[PDB]
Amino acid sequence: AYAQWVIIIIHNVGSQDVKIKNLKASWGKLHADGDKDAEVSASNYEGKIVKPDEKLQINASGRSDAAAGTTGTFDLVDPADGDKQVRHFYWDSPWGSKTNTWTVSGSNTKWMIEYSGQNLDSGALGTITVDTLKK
């Protein structure tokens, strides 16, 4: 359902490009900013470069009137290092479960990543802002 939703905002706060890769929603839809009825393909974001101080926004929700939520993953990768993984990201805003999940994994000590805004207890996962910086 549309009540299961997440907004992921990637903000590059450093001086080196970061890149989005392997964006895949396993449950639900990706949709346009502020319009859950406008479903969009992950190719609108796949491989996109986020330049210094730029931002990129992904919106995902459950499908309308579906007893199912939104679940997906994506990578941030380093376009100056052979698209080496920076971090791996997983989101889940389930239907009928009170625990939402936002999990960052992987390791790359040249990069630092900070996120906030998530809601883990009941309802939608919320609007998560992810700051990236190459050290």
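Sequential numbering from 1, following the sequence displayed.
Q: Quick one: higher average CA temperature factor, 113 to 121 or 5 to 13?
A: Comparing 5 to 13 with 113 to 121, the higher average CA B-factor belongs to 113 to 121.
Q: Out of 96 to 104 and 73 to 81, which stretch has the higher average CA B-factor listed in the record?
A: On average, C-alpha B-factors are higher across 96 to 104.
Q: What third of the chain, by the recorded C-alpha B-factor, contains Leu133?
A: For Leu133, whose C-alpha B-factor we compare with every modelled residue in the chain, the answer is the highest third.
Q: Going by what the PDB entry lists, where does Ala32 fall on CA B-factor within its chain: lowest, middle or highest third?
A: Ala32: CA B-factor falls in the lowest third of its chain.
Q: When the deposited Cα B-factors of this chain's modelled residues are ordered and cut into thirds, is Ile49 in the lowest, the middle or the highest one?
A: Highest third, going by the recorded CA B-factors of the chain.
Q: Thinking about Cα B factors across the chain, which third does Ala38 belong to?
A: For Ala38, whose C-alpha B-factor we compare with every modelled residue in the chain, the answer is the lowest third.
Q: Which third, lowest, middle or highest, does the CA B-factor of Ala60 fall in along this chain?
A: For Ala60, whose C-alpha B-factor we compare with every modelled residue in the chain, the answer is the lowest third.
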